[PDB]
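Structure file entry.tsv (TSV, C-alpha atoms and all ligand atoms) is printed below.
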chain	number	residue	atom	x	y	z
A	3	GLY	CA	-19.10	-18.10	35.88
A	4	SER	CA	-16.09	-16.51	34.17
A	5	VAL	CA	-13.22	-18.02	32.20
A	6	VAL	CA	-9.95	-17.75	34.14
A	7	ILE	CA	-6.44	-18.01	32.73
A	8	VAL	CA	-4.60	-20.73	34.60
A	9	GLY	CA	-1.38	-20.57	32.63
A	10	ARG	CA	0.33	-19.51	29.41
A	11	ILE	CA	2.30	-21.13	26.61
A	12	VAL	CA	5.05	-19.39	24.63
A	13	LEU	CA	5.46	-21.08	21.23
A	14	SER	CA	9.06	-19.97	20.64
A	15	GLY	CA	10.14	-21.33	23.98
A	16	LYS	CA	11.46	-17.90	25.04
A	17	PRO	CA	12.87	-18.39	28.54
A	18	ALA	CA	12.02	-16.30	31.61
B	2	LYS	CA	37.46	0.31	11.35
B	3	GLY	CA	35.76	-1.09	14.44
B	4	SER	CA	34.63	-4.62	15.11
B	5	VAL	CA	31.19	-6.00	14.27
B	6	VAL	CA	29.56	-6.48	17.66
B	7	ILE	CA	26.89	-8.99	18.61
B	8	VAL	CA	24.09	-6.95	20.24
B	9	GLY	CA	21.47	-9.69	20.48
B	10	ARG	CA	20.40	-13.15	19.36
B	11	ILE	CA	17.48	-14.91	17.67
B	12	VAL	CA	16.78	-18.46	18.84
B	13	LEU	CA	15.17	-20.91	16.45
B	14	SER	CA	15.82	-23.96	18.62
B	15	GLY	CA	13.17	-23.06	21.16
B	16	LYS	CA	10.08	-25.21	21.46
B	17	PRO	CA	6.57	-24.46	22.84
B	18	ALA	CA	6.72	-24.17	26.58
B	19	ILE	CA	4.38	-23.42	29.43
B	20	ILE	CA	5.73	-20.13	30.76
B	21	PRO	CA	7.00	-20.69	34.33
B	22	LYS	CA	5.04	-19.05	37.11
B	23	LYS	CA	7.87	-17.00	38.61
C	40	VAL	CA	7.74	-13.34	28.25
C	41	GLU	CA	4.41	-13.09	26.43
C	42	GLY	CA	2.37	-16.15	25.56
C	43	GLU	CA	0.24	-16.69	22.44
C	44	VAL	CA	-1.68	-19.57	23.99
C	45	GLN	CA	-3.59	-19.26	27.25
C	46	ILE	CA	-4.57	-22.24	29.35
C	47	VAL	CA	-8.08	-21.54	30.71
C	48	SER	CA	-10.68	-23.12	33.03
C	49	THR	CA	-14.44	-22.83	33.66
C	50	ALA	CA	-14.96	-25.00	36.79
C	51	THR	CA	-16.83	-27.34	34.51
C	52	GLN	CA	-13.63	-27.95	32.53
C	53	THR	CA	-10.24	-26.69	31.29
C	54	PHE	CA	-9.10	-25.98	27.73
C	55	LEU	CA	-7.02	-23.46	25.75
C	56	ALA	CA	-7.33	-20.09	24.00
C	57	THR	CA	-5.22	-18.59	21.20
C	58	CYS	CA	-4.59	-14.92	20.52
C	59	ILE	CA	-4.82	-14.14	16.82
C	60	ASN	CA	-5.05	-10.58	15.55
C	61	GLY	CA	-5.36	-9.15	19.04
C	62	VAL	CA	-8.32	-11.39	19.84
C	63	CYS	CA	-8.20	-14.30	22.32
C	64	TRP	CA	-10.16	-17.07	20.60
C	65	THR	CA	-11.38	-20.34	22.11
C	66	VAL	CA	-14.18	-22.89	21.68
C	67	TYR	CA	-17.83	-22.04	22.36
C	68	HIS	CA	-18.21	-25.56	23.70
C	69	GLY	CA	-15.82	-24.55	26.46
C	70	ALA	CA	-16.50	-20.89	27.26
C	71	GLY	CA	-19.98	-20.54	25.90
C	72	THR	CA	-20.92	-16.92	26.38
C	73	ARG	CA	-18.86	-16.64	29.54
C	74	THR	CA	-16.77	-13.53	30.17
C	75	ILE	CA	-13.01	-13.77	30.70
C	76	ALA	CA	-11.46	-12.71	33.99
C	77	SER	CA	-9.45	-9.45	34.19
C	78	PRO	CA	-7.80	-7.50	37.11
C	79	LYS	CA	-10.45	-4.86	36.48
C	80	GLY	CA	-13.33	-7.29	36.36
C	81	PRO	CA	-14.97	-9.60	33.79
C	82	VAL	CA	-14.44	-8.74	30.17
C	83	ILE	CA	-17.12	-9.76	27.65
C	84	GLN	CA	-16.69	-11.63	24.38
C	85	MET	CA	-16.09	-9.43	21.38
C	86	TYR	CA	-17.36	-12.24	19.18
C	87	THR	CA	-19.57	-15.25	19.90
C	88	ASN	CA	-20.23	-17.69	17.07
C	89	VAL	CA	-22.23	-20.65	18.29
C	90	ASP	CA	-22.48	-21.80	14.69
C	91	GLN	CA	-18.71	-22.06	14.30
C	92	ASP	CA	-18.08	-23.06	17.95
C	93	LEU	CA	-16.01	-19.86	18.03
C	94	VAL	CA	-15.83	-17.17	20.74
C	95	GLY	CA	-13.29	-14.41	21.17
C	96	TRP	CA	-12.67	-11.75	23.80
C	97	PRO	CA	-10.06	-9.01	23.50
C	98	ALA	CA	-6.51	-10.40	24.00
C	99	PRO	CA	-5.63	-10.55	27.74
C	100	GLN	CA	-2.51	-9.34	29.58
C	101	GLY	CA	0.74	-11.26	29.17
C	102	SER	CA	-0.34	-12.33	25.69
C	103	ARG	CA	0.96	-11.81	22.13
C	104	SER	CA	-0.86	-12.56	18.92
C	105	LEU	CA	-0.29	-15.25	16.33
C	106	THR	CA	-0.15	-14.39	12.66
C	107	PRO	CA	-2.53	-16.09	10.24
C	108	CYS	CA	-0.92	-18.52	7.80
C	109	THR	CA	-0.48	-17.17	4.27
C	110	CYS	CA	1.70	-19.95	2.78
C	111	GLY	CA	-0.96	-22.59	2.29
C	112	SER	CA	1.11	-25.50	3.69
C	113	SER	CA	-0.74	-28.73	4.46
C	114	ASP	CA	1.88	-29.74	6.99
C	115	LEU	CA	0.25	-28.54	10.19
C	116	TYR	CA	1.26	-28.93	13.85
C	117	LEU	CA	-0.99	-28.97	16.90
C	118	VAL	CA	0.21	-27.57	20.24
C	119	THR	CA	-1.45	-29.24	23.25
C	120	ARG	CA	-2.20	-27.83	26.72
C	121	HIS	CA	1.13	-29.39	27.74
C	122	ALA	CA	3.12	-27.63	25.06
C	123	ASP	CA	3.47	-30.93	23.14
C	124	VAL	CA	3.60	-30.44	19.36
C	125	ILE	CA	1.77	-32.99	17.18
C	126	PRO	CA	2.30	-33.19	13.38
C	127	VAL	CA	-0.97	-33.15	11.44
C	128	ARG	CA	-1.58	-33.48	7.71
C	129	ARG	CA	-4.30	-31.25	6.37
C	130	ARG	CA	-7.05	-33.32	4.82
C	131	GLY	CA	-9.43	-30.42	4.19
C	132	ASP	CA	-10.77	-27.05	5.34
C	133	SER	CA	-11.48	-28.20	8.88
C	134	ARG	CA	-9.85	-31.62	9.03
C	135	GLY	CA	-6.36	-32.96	9.43
C	136	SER	CA	-4.94	-36.38	10.25
C	137	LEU	CA	-2.38	-36.98	13.01
C	138	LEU	CA	0.82	-38.40	11.51
C	139	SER	CA	1.00	-40.60	14.58
C	140	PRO	CA	-2.43	-41.15	16.21
C	141	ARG	CA	-2.43	-40.77	19.98
C	142	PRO	CA	-4.88	-41.78	22.67
C	143	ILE	CA	-7.47	-39.03	23.20
C	144	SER	CA	-6.10	-38.58	26.74
C	145	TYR	CA	-3.09	-36.95	25.08
C	146	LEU	CA	-5.25	-34.47	23.16
C	147	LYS	CA	-7.58	-33.70	26.07
C	148	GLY	CA	-7.89	-30.11	27.29
C	149	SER	CA	-6.35	-28.70	24.12
C	150	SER	CA	-9.46	-27.35	22.32
C	151	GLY	CA	-8.85	-23.72	21.49
C	152	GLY	CA	-5.17	-24.47	20.93
C	153	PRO	CA	-3.47	-23.32	17.69
C	154	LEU	CA	-3.05	-25.44	14.55
C	155	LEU	CA	0.27	-24.07	13.23
C	156	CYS	CA	1.87	-24.28	9.82
C	157	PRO	CA	5.65	-24.77	9.12
C	158	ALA	CA	6.16	-21.07	9.90
C	159	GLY	CA	4.47	-21.09	13.29
C	160	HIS	CA	1.56	-19.14	11.74
C	161	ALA	CA	-2.02	-19.96	12.76
C	162	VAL	CA	-3.95	-22.18	10.34
C	163	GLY	CA	-6.92	-22.87	12.54
C	164	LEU	CA	-8.06	-23.44	16.11
C	165	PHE	CA	-8.31	-27.00	17.40
C	166	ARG	CA	-12.08	-27.46	17.62
C	167	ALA	CA	-12.33	-31.12	18.67
C	168	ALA	CA	-10.49	-34.40	18.23
C	169	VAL	CA	-11.89	-37.02	15.87
C	170	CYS	CA	-11.07	-40.41	17.38
C	171	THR	CA	-11.72	-44.10	16.82
C	172	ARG	CA	-11.78	-46.35	19.86
C	173	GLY	CA	-10.12	-43.86	22.19
C	174	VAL	CA	-7.33	-43.18	19.72
C	175	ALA	CA	-7.25	-39.71	18.25
C	176	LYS	CA	-6.37	-40.36	14.61
C	177	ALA	CA	-7.41	-36.91	13.38
C	178	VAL	CA	-8.70	-33.47	14.45
C	179	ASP	CA	-11.46	-31.02	13.63
C	180	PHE	CA	-10.53	-27.31	13.43
C	181	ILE	CA	-11.72	-23.75	12.70
C	182	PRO	CA	-9.63	-22.26	9.85
C	183	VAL	CA	-8.16	-18.79	10.51
C	184	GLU	CA	-10.31	-17.37	7.74
C	185	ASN	CA	-13.43	-18.03	9.83
C	186	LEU	CA	-11.81	-15.93	12.53
C	187	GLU	CA	-10.68	-13.23	10.08
C	188	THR	CA	-14.24	-13.24	8.74
C	189	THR	CA	-15.82	-13.06	12.19
C	190	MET	CA	-13.85	-9.83	12.71
D	10	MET	CA	16.10	-29.09	13.29
D	11	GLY	CA	12.33	-29.26	13.42
D	12	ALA	CA	9.05	-27.55	12.55
D	13	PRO	CA	7.02	-25.51	13.04
D	14	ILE	CA	9.69	-22.81	12.81
D	15	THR	CA	9.25	-20.59	15.85
D	16	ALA	CA	11.80	-18.00	16.93
D	17	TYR	CA	12.45	-15.45	19.64
D	18	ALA	CA	14.89	-12.62	20.13
D	19	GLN	CA	16.87	-11.24	23.04
D	20	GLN	CA	18.90	-8.05	23.20
D	21	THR	CA	22.28	-8.51	24.81
D	22	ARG	CA	23.69	-5.00	24.75
D	23	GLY	CA	22.94	-1.37	24.12
D	24	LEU	CA	24.31	1.54	22.10
D	25	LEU	CA	27.04	2.50	24.58
D	26	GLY	CA	28.19	-0.98	25.51
D	27	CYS	CA	28.14	-1.73	21.79
D	28	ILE	CA	30.35	1.25	20.92
D	29	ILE	CA	32.84	0.34	23.66
D	30	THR	CA	32.84	-3.30	22.56
D	31	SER	CA	33.27	-2.21	18.93
D	32	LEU	CA	36.45	-0.33	19.82
D	33	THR	CA	38.01	-2.70	22.34
D	34	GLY	CA	37.00	-5.62	20.11
D	35	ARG	CA	36.59	-7.68	23.26
D	36	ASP	CA	33.18	-9.14	24.06
D	37	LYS	CA	32.89	-11.29	27.15
D	38	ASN	CA	29.12	-11.89	26.78
D	39	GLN	CA	27.67	-15.37	26.57
D	40	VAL	CA	26.53	-16.42	23.10
D	41	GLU	CA	23.48	-18.58	22.31
D	42	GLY	CA	21.36	-19.14	19.26
D	43	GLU	CA	21.62	-19.83	15.55
D	44	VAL	CA	21.34	-16.21	14.44
D	45	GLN	CA	23.13	-13.23	15.97
D	46	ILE	CA	21.79	-9.67	15.82
D	47	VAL	CA	24.96	-7.85	14.92
D	48	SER	CA	26.03	-4.25	14.51
D	49	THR	CA	28.86	-2.03	13.32
D	50	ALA	CA	29.04	1.63	14.32
D	51	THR	CA	27.07	2.48	11.19
D	52	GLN	CA	24.36	-0.18	10.88
D	53	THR	CA	22.76	-3.26	12.39
D	54	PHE	CA	21.89	-6.53	10.67
D	55	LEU	CA	22.04	-10.31	11.12
D	56	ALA	CA	24.65	-13.05	10.88
D	57	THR	CA	23.63	-16.70	10.58
D	58	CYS	CA	25.70	-19.60	11.92
D	59	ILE	CA	25.64	-22.39	9.34
D	60	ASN	CA	27.96	-25.36	9.84
D	61	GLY	CA	30.33	-23.95	12.43
D	62	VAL	CA	30.77	-20.61	10.62
D	63	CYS	CA	28.97	-17.34	11.43
D	64	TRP	CA	28.00	-15.95	8.02
D	65	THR	CA	26.83	-12.49	7.15
D	66	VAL	CA	26.45	-10.04	4.32
D	67	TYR	CA	29.63	-8.27	3.09
D	68	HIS	CA	27.72	-5.03	2.48
D	69	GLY	CA	27.17	-4.94	6.22
D	70	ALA	CA	30.29	-6.37	7.85
D	71	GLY	CA	32.77	-5.26	5.21
D	72	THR	CA	36.11	-6.75	6.25
D	73	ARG	CA	35.72	-5.88	9.92
D	74	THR	CA	36.67	-8.30	12.66
D	75	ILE	CA	34.02	-9.76	14.99
D	76	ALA	CA	34.52	-8.84	18.65
D	77	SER	CA	35.08	-11.91	20.83
D	78	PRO	CA	36.12	-12.86	24.38
D	79	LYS	CA	39.67	-13.18	23.10
D	80	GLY	CA	39.55	-9.84	21.30
D	81	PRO	CA	38.84	-9.31	17.55
D	82	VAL	CA	38.50	-12.27	15.30
D	83	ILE	CA	39.50	-11.96	11.67
D	84	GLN	CA	37.20	-13.38	9.03
D	85	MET	CA	37.58	-16.94	7.76
D	86	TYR	CA	36.07	-16.07	4.39
D	87	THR	CA	35.48	-12.87	2.43
D	88	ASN	CA	33.81	-12.79	-0.96
D	89	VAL	CA	33.07	-9.29	-2.11
D	90	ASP	CA	31.54	-10.61	-5.30
D	91	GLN	CA	29.17	-13.05	-3.60
D	92	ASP	CA	28.55	-10.48	-0.87
D	93	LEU	CA	29.62	-12.93	1.85
D	94	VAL	CA	31.94	-12.93	4.85
D	95	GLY	CA	32.26	-15.46	7.64
D	96	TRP	CA	33.94	-15.71	11.05
D	97	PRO	CA	34.34	-18.92	13.06
D	98	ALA	CA	30.98	-19.42	14.78
D	99	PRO	CA	31.16	-17.93	18.30
D	100	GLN	CA	31.66	-20.24	21.24
D	101	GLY	CA	28.15	-21.01	22.46
D	102	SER	CA	26.21	-20.64	19.20
D	103	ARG	CA	24.28	-23.41	17.44
D	104	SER	CA	24.70	-23.83	13.71
D	105	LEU	CA	22.09	-24.49	11.08
D	106	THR	CA	22.57	-27.13	8.38
D	107	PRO	CA	22.21	-26.60	4.60
D	108	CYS	CA	18.92	-27.66	3.04
D	109	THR	CA	18.94	-30.95	1.18
D	110	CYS	CA	15.39	-31.28	-0.15
D	111	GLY	CA	14.97	-28.44	-2.62
D	112	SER	CA	11.67	-27.22	-1.16
D	113	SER	CA	10.35	-24.11	-2.91
D	114	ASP	CA	8.60	-23.13	0.31
D	115	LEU	CA	11.10	-20.94	2.17
D	116	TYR	CA	10.67	-19.06	5.46
D	117	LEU	CA	12.62	-15.87	6.20
D	118	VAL	CA	13.50	-15.12	9.84
D	119	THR	CA	13.58	-11.37	10.43
D	120	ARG	CA	15.49	-9.47	13.12
D	121	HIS	CA	12.18	-9.20	14.97
D	122	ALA	CA	12.12	-12.98	15.22
D	123	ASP	CA	9.20	-13.22	12.82
D	124	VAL	CA	9.28	-15.93	10.15
D	125	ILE	CA	7.64	-14.83	6.92
D	126	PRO	CA	6.85	-17.17	3.98
D	127	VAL	CA	8.75	-16.77	0.73
D	128	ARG	CA	8.09	-18.63	-2.54
D	129	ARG	CA	11.35	-19.46	-4.27
D	130	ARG	CA	11.22	-18.12	-7.82
D	131	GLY	CA	14.86	-18.78	-8.70
D	132	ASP	CA	18.34	-19.46	-7.37
D	133	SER	CA	18.47	-16.14	-5.53
D	134	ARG	CA	14.85	-14.98	-5.49
D	135	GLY	CA	11.63	-15.74	-3.75
D	136	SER	CA	8.42	-13.77	-3.49
D	137	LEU	CA	6.85	-12.77	-0.18
D	138	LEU	CA	3.42	-14.43	-0.04
D	139	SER	CA	2.33	-11.45	2.04
D	140	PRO	CA	4.42	-8.37	1.05
D	141	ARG	CA	5.48	-6.01	3.80
D	142	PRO	CA	6.83	-2.46	4.02
D	143	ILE	CA	10.56	-2.36	3.39
D	144	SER	CA	11.13	-0.74	6.80
D	145	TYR	CA	10.03	-4.05	8.27
D	146	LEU	CA	12.87	-5.98	6.62
D	147	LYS	CA	15.51	-3.37	7.36
D	148	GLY	CA	18.22	-4.78	9.55
D	149	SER	CA	17.46	-8.37	8.53
D	150	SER	CA	20.32	-8.74	5.99
D	151	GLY	CA	22.38	-11.79	6.81
D	152	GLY	CA	19.35	-13.56	8.28
D	153	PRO	CA	18.41	-17.12	7.20
D	154	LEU	CA	15.82	-18.48	4.74
D	155	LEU	CA	14.78	-21.93	5.90
D	156	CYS	CA	12.99	-24.80	4.16
D	157	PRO	CA	10.04	-26.42	6.02
D	158	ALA	CA	12.57	-28.49	7.93
D	159	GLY	CA	14.51	-25.55	9.34
D	160	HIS	CA	17.60	-25.88	7.21
D	161	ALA	CA	19.46	-23.03	5.61
D	162	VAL	CA	18.53	-22.53	1.97
D	163	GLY	CA	20.17	-19.12	1.83
D	164	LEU	CA	20.90	-15.78	3.51
D	165	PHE	CA	18.70	-12.64	3.03
D	166	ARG	CA	20.56	-9.98	1.03
D	167	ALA	CA	18.29	-7.37	-0.55
D	168	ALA	CA	14.59	-6.66	-0.94
D	169	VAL	CA	12.67	-6.07	-4.16
D	170	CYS	CA	10.62	-2.91	-3.49
D	171	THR	CA	8.01	-0.98	-5.51
D	172	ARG	CA	6.57	1.98	-3.56
D	173	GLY	CA	8.26	1.18	-0.28
D	174	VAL	CA	6.70	-2.27	-0.11
D	175	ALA	CA	8.82	-5.37	-0.68
D	176	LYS	CA	7.24	-7.88	-3.03
D	177	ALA	CA	10.24	-10.25	-3.25
D	178	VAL	CA	13.57	-10.97	-1.60
D	179	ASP	CA	17.05	-11.44	-3.01
D	180	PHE	CA	19.19	-14.03	-1.21
D	181	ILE	CA	22.55	-15.82	-1.18
D	182	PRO	CA	21.91	-19.59	-1.61
D	183	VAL	CA	23.96	-21.91	0.65
D	184	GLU	CA	25.77	-23.14	-2.47
D	185	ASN	CA	27.61	-19.83	-2.63
D	186	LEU	CA	28.70	-20.44	0.96
D	187	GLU	CA	30.16	-23.83	0.06
D	188	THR	CA	31.80	-22.22	-2.98
D	189	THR	CA	33.18	-19.32	-0.93
D	190	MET	CA	34.86	-21.86	1.35
D	191	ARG	CA	36.35	-23.87	-1.51
D	192	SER	CA	37.63	-20.46	-2.69
A	201	LIG	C1	20.29	-5.33	4.65
A	201	LIG	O1	21.62	-4.97	4.22
A	201	LIG	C2	19.19	-4.84	3.69
A	201	LIG	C3	17.69	-5.11	3.86
A	201	LIG	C4	16.80	-3.89	3.62
A	201	LIG	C5	15.66	-4.27	2.72
A	201	LIG	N1	19.57	-4.88	2.28
A	201	LIG	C6	20.18	-3.85	1.70
A	201	LIG	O2	20.42	-2.80	2.30
A	201	LIG	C7	20.52	-4.01	0.23
A	201	LIG	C8	22.01	-3.76	-0.01
A	201	LIG	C9	22.49	-3.92	-1.46
A	201	LIG	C10	22.09	-5.29	-2.00
A	201	LIG	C11	23.99	-3.76	-1.51
A	201	LIG	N2	19.72	-3.07	-0.53
A	201	LIG	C12	18.41	-3.24	-0.69
A	201	LIG	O3	17.80	-4.20	-0.21
A	201	LIG	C13	17.69	-2.17	-1.49
A	201	LIG	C14	17.11	-2.73	-2.80
A	201	LIG	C15	18.09	-3.29	-3.74
A	201	LIG	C16	17.68	-4.41	-4.44
A	201	LIG	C17	18.52	-5.14	-5.36
A	201	LIG	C18	17.97	-6.55	-5.56
A	201	LIG	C19	16.91	-6.60	-6.67
A	201	LIG	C20	19.10	-7.49	-5.88
A	201	LIG	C21	16.56	-1.61	-0.60
A	201	LIG	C22	15.84	-0.46	-1.30
A	201	LIG	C23	17.09	-1.18	0.77
A	201	LIG	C24	20.08	-4.59	5.96
A	201	LIG	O4	19.11	-4.89	6.66
A	201	LIG	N3	20.97	-3.67	6.32
A	201	LIG	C25	21.13	-3.21	7.69
A	201	LIG	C26	20.13	-2.11	7.95
A	201	LIG	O5	19.18	-1.90	7.19
A	201	LIG	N4	20.33	-1.41	9.07
A	201	LIG	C27	19.49	-0.30	9.48
A	201	LIG	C28	20.34	0.66	10.31
A	201	LIG	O6	20.36	1.86	10.07
A	201	LIG	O7	21.03	0.23	11.24
A	201	LIG	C29	18.21	-0.64	10.25
A	201	LIG	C30	18.19	-1.71	11.14
A	201	LIG	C31	17.07	-2.04	11.87
A	201	LIG	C32	15.93	-1.27	11.70
A	201	LIG	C33	15.93	-0.19	10.80
A	201	LIG	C34	17.07	0.13	10.07
A	202	ZN	ZN	2.08	-20.62	6.75
A	203	ZN	ZN	15.29	-28.87	3.31

Starting from the file, give its structure as structure tokens.
Amino acid sequence: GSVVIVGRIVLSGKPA
Amino acid sequence: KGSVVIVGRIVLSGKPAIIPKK
Amino acid sequence: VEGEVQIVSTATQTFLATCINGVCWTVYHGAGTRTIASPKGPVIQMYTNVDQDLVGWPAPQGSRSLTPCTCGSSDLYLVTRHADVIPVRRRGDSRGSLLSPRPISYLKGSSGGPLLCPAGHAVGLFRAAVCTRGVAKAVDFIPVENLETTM
Amino acid sequence: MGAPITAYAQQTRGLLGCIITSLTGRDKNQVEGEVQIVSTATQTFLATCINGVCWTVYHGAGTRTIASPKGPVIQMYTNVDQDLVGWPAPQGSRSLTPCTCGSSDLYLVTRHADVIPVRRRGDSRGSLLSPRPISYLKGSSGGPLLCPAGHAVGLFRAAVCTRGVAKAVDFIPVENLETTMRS
């Protein structure tokens, strides 16, 4: 298989 | 002299967030 | 916006990855030797460390790197796959105790996540939760140095 | 406030809109955040909102007025000697609160929205645990130095450089702010 990126997290909470 | 103008901001109050899929 | 923490999946399971020093690190017990998906095809691990349960590929698109901690603080904070922040007291090199133990269900899917210090700087990568009777009272982690050393 | 201290930045205007706004003194833009990236026609730096007042370094703002939706706003405080000036915090901003714990572990927030550790070595000094080129800290004057709880311990003023690398930072402790108000 292969590892897929299902989402992301922005630690600062930067909107948009 | 001219006025000091705000050209941007730095936000410390933000908290970890899952970036919205938009 | 660019994210420091990626939420990944392997069909078998789902966990997290953390970009530190331009490398997207995660747990070997999650990725193994698997490649990471890219719009140009699979990208291979730059580092694989079965011994440390540490694997890292080059940082993906839409990502930004975390800075290693250089302040020594023992007041750590774990970010979960849900963006929840959990205060953790550093007990030792790879161990820290939750200030408020939570059921493991709350810490599930977060391996690979960052273990931040008061400055939002990476201290280690959440390796695995250490729980008693389904209640995660502490966590196991890979200190940034191990990563800095693996590079 | 809380920890870990994480920050982000957003640019709200460019060189031309900035020049126009500097002259007209009228800024209709929405304001958010605890720290404002600010600029005169000669330089750019930071201004931190602590307790309802938007503080900054005198060597940057001089006695200038801050441009606001209602035109220029005159300063509330000016202390050439303490290198401070303050305007009423803009409508929309969020203010920080003075530190009340005396932690020697400070965290400087740069104009790039990076928070770098500083070890307090005195009332107005702290050493960077990981020194950086001075060009990195340029434009960060007026920015905050927080304690592990995210409370203002002081405002960044000058850097202690050797060969173009800053080893320590010189700051204005919140006490001087209190004092500047009582004065
Ligand atoms: C801010 O005013 C700066 C930070 C730069 C490190 N501080 C100073 O300029 C002070 C001013 C002085 C205290 C009156 N000077 C210094 O820090 C000196 C060292 C002096 C040390 C004394 C100490 C022991 C008490 C160094 C050598 C500079 C600031 O950031 N000013 C705004 C600015 O730099 N603007 C730049 C510009 O041209 O617009 C800028 C902005 C962003 C990016 C690059 C350049
Ligand atoms: Zn740190
Ligand atoms: Zn404090």

For a quick check of your reading of the model, name the residues lying within 8 Å of the coordinate (14.6, -10.0, 14.8), counting only C-alpha atoms, and write them as a ChimeraX atom specification. /B:11 /D:17-18,46,118-123,149

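Atom pair atom CA of residue D:142 / atom CA of residue D:186: separated by 28.5 Å.
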
Pull out every residue of chain A that has at least one atom within 6 Å of chain C, counting only C-alpha atoms, and report them as JSON, numbers by chain. {"A": [4, 5, 6, 7, 8, 9, 10, 11, 12]}

Using all atoms listed in the file, which residues of the polymer chains come no farther than 6 Å from ligand LIG 201 (chain A)? I'd like the answer as number ranges by chain. D: 52-54, 68-69, 143, 146-150, 166-169, 179

Could you report the residues within 7 Å of ligand ZN 202 (chain A), using only C-alpha atoms and all ligand atoms, as a PyMOL selection string? (chain C and resi 108-112+156-160) or (chain D and resi 126)

Can you tell me which residues sit at most 9 Å away from ligand ZN 203 (chain A), counting all atoms listed in the file, written as a ChimeraX atom specification? /D:107-112,155-162

Atom pair atom CA of residue C:86 + atom CA of residue C:161, distance 18.3 Å

Counting all atoms listed in the file, which residues from chain D have an atom at most 7 Å from any atom of chain B, and could you show them as a ChimeraX atom specification? /D:14-23,27,30-32,34,41-49,70,73-76,81,122

For those residues, write C-alpha atoms to a file as a PDB file, in the frame of the given file.
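Result file follows (result.pdb):
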ATOM      1  CA  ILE D  14       9.690 -22.810  12.810  1.00  0.00           C
ATOM      2  CA  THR D  15       9.250 -20.590  15.850  1.00  0.00           C
ATOM      3  CA  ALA D  16      11.800 -18.000  16.930  1.00  0.00           C
ATOM      4  CA  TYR D  17      12.450 -15.450  19.640  1.00  0.00           C
ATOM      5  CA  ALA D  18      14.890 -12.620  20.130  1.00  0.00           C
ATOM      6  CA  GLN D  19      16.870 -11.240  23.040  1.00  0.00           C
ATOM      7  CA  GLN D  20      18.900  -8.050  23.200  1.00  0.00           C
ATOM      8  CA  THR D  21      22.280  -8.510  24.810  1.00  0.00           C
ATOM      9  CA  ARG D  22      23.690  -5.000  24.750  1.00  0.00           C
ATOM     10  CA  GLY D  23      22.940  -1.370  24.120  1.00  0.00           C
ATOM     11  CA  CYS D  27      28.140  -1.730  21.790  1.00  0.00           C
ATOM     12  CA  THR D  30      32.840  -3.300  22.560  1.00  0.00           C
ATOM     13  CA  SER D  31      33.270  -2.210  18.930  1.00  0.00           C
ATOM     14  CA  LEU D  32      36.450  -0.330  19.820  1.00  0.00           C
ATOM     15  CA  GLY D  34      37.000  -5.620  20.110  1.00  0.00           C
ATOM     16  CA  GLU D  41      23.480 -18.580  22.310  1.00  0.00           C
ATOM     17  CA  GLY D  42      21.360 -19.140  19.260  1.00  0.00           C
ATOM     18  CA  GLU D  43      21.620 -19.830  15.550  1.00  0.00           C
ATOM     19  CA  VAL D  44      21.340 -16.210  14.440  1.00  0.00           C
ATOM     20  CA  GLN D  45      23.130 -13.230  15.970  1.00  0.00           C
ATOM     21  CA  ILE D  46      21.790  -9.670  15.820  1.00  0.00           C
ATOM     22  CA  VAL D  47      24.960  -7.850  14.920  1.00  0.00           C
ATOM     23  CA  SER D  48      26.030  -4.250  14.510  1.00  0.00           C
ATOM     24  CA  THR D  49      28.860  -2.030  13.320  1.00  0.00           C
ATOM     25  CA  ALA D  70      30.290  -6.370   7.850  1.00  0.00           C
ATOM     26  CA  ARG D  73      35.720  -5.880   9.920  1.00  0.00           C
ATOM     27  CA  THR D  74      36.670  -8.300  12.660  1.00  0.00           C
ATOM     28  CA  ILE D  75      34.020  -9.760  14.990  1.00  0.00           C
ATOM     29  CA  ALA D  76      34.520  -8.840  18.650  1.00  0.00           C
ATOM     30  CA  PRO D  81      38.840  -9.310  17.550  1.00  0.00           C
ATOM     31  CA  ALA D 122      12.120 -12.980  15.220  1.00  0.00           C
TER      32      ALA D 122
END

Mind pulling up the distance from atom CA of residue D:105 to atom CA of residue D:189?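 Separation of atom CA of residue D:189 and atom CA of residue D:105: 17.1 Å.
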
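Distances here use all atoms listed in the file; by that measure, the residue among C:183, C:146, C:162, C:98 closest to chain D is C:162.
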
With only C-alpha atoms as the atoms that count, which of D:40, D:24, D:124, D:94 lies nearest to chain C?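 Nearest candidate to chain C out of D:40, D:24, D:124, D:94: D:124.
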
Residues within 6 Å of stretch 138-142 of chain C, all atoms listed in the file, excluding chain neighbours under 5 positions, as an MDAnalysis selection string: chainID C and resid 126:127 173:176

What residues in chain A have any atom no more than 8 Å from chain D when counting all atoms listed in the file, and can you write them as an MDAnalysis selection string? chainID A and resid 13:16

Deliver the residues from the most recent selection as a file, using C-alpha atoms, as a compact mmCIF listing (two decimals), in the coordinates of the input.
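File written: out-v2.txt
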# COMPACT_ATOMS: atom_id res chain seq x y z
CA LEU A 13 5.46 -21.08 21.23
CA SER A 14 9.06 -19.97 20.64
CA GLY A 15 10.14 -21.33 23.98
CA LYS A 16 11.46 -17.90 25.04

Would you list the contacts of residue D:92 as a list in words, taking every protein, DNA or RNA residue within 8 Å and counting all atoms listed in the file, but skipping same-chain residues closer than 4 positions in sequence?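 Once the adjacent positions are removed, what remains is residues 66, 67, 68 and 88 of chain D.
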
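Proximity of C:92, C:123, C:60, C:84 to chain B, computed with only C-alpha atoms, is greatest for C:123.
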